[PDB]
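Numbering-wise (the UniProt record's numbering), the first sequence opens with residue 4 and increments by one. Below: one structure, written as structure tokens.
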Amino acid sequence: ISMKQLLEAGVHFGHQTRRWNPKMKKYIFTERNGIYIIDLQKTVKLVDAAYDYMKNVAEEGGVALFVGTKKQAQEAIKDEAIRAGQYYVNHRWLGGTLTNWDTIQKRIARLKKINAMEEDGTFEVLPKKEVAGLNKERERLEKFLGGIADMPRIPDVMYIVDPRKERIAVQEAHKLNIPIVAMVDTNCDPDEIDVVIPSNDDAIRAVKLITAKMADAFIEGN
RNA sequence: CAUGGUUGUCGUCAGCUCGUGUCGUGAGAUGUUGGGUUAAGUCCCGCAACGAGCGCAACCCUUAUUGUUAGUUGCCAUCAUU
Ligand SMILES: [K+]
Ligand SMILES: [Mg+2]
Ligand SMILES: [Mg+2]
Ligand SMILES: [Mg+2]
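Dropping the structure here:
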């Protein structure tokens, strides 16, 4: 990646000055118009390190989970994670998704079962009311657990967009000792993420750019 | 005021709970809360909760129309007689 790519993506922008985090001054270059400016030089070095770390993790054969519910991030993380073949959560992270992984598997099994009924032909013979209700249920299960529907085990790495937004996701990660590679913003906390990627979380283009670098890293590892 | 069984009661009110997870040092909490909505914890949405069970609802009986099968002990429109 190039610092110019970042600048076009608008990565350098941060949040309002008052809404920053003092711990983020280690990666803040200067403040403009009441807003902070990330240090894109540290950004370039750190994104390189994250690409390297993601490549190493993929080479280990572990499983990667890309998390983002931010409107700027949901579609981007979905596409990039699907492109990498690794699993994603885009709409809403369910409490206990990983800590209660066992229970969530029951819902995933339900989702697979409802699909089998459709393929089997039960849906055709099901009464109008029954089939309609199952479509609604199936839709919700796909809506929530769809992006990880076929995950075999607990992920060995979690990529995150705006951990401050995905507070619960970071908490589950820490509980399970899952290393986190995160898009940390000027208002976010760096101490909670192993591999920090100082970047604007509120730019669609920037989220796509960073997620694309990471998806490329994992694909290259595989 | 040793009990089984049976029964009254709130009340046919929509409540009562558990599994896993999570929070709290702990008793506990969460879900069951909230915006809607319903007769309903009925249901949608959101939510560190995800599910599940007893409930609720439906399955049951009866009444309101009617198709067909049956047509005597029942019915009499078409018919003729009492
Ligand atoms: K519990
Ligand atoms: Mg209650
Ligand atoms: Mg209910
Ligand atoms: Mg809720």
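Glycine residues also receive a C-beta, built at the ideal position from the N, C-alpha and C atoms.
May I ask you to report which of helix, strand or coil DSSP gives residue i?
| i | result |
| --- | --- |
| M161 | strand |
| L101 | coil |
| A185 | strand |
| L137 | helix |
| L129 | coil |
| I200 | strand |
| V66 | coil |
Looking at residue i: is its Cβ nearer than 8 Å to the Cβ of residue j?
| i | j | result |
| --- | --- | --- |
| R208 | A12 | yes |
| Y162 | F32 | no |
| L10 | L43 | yes |
| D204 | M186 | yes |
| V184 | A53 | yes |
| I40 | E34 | yes |
| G37 | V160 | no |
| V210 | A67 | no |
| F16 | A176 | no |
Assuming residue i contacts residue j (C-beta within less than 8 Å), just tell me the rounded distance between them.
| i | j | result |
| --- | --- | --- |
| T214 | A61 | Not quite, the Cβ-Cβ distance comes to about 15 Å (not below 8 Å), so this is no contact. |
| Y91 | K81 | 5 Å |
*For the region 6-41, list the beta strand (DSSP E) runs that are entirely contained and at least 3 residues long, ordered along the chain.*
16-19, 31-35 and 38-41
*Are there three or more Cβ pairs, one per stretch, closer than 8 Å when the region 107-115 is compared with the region 148-157?*
yes
*Given 8 Å as the limit, is there contact between the region 192-199 and the region 88-105, that is, 3 or more CB pairs closer than that?*
no
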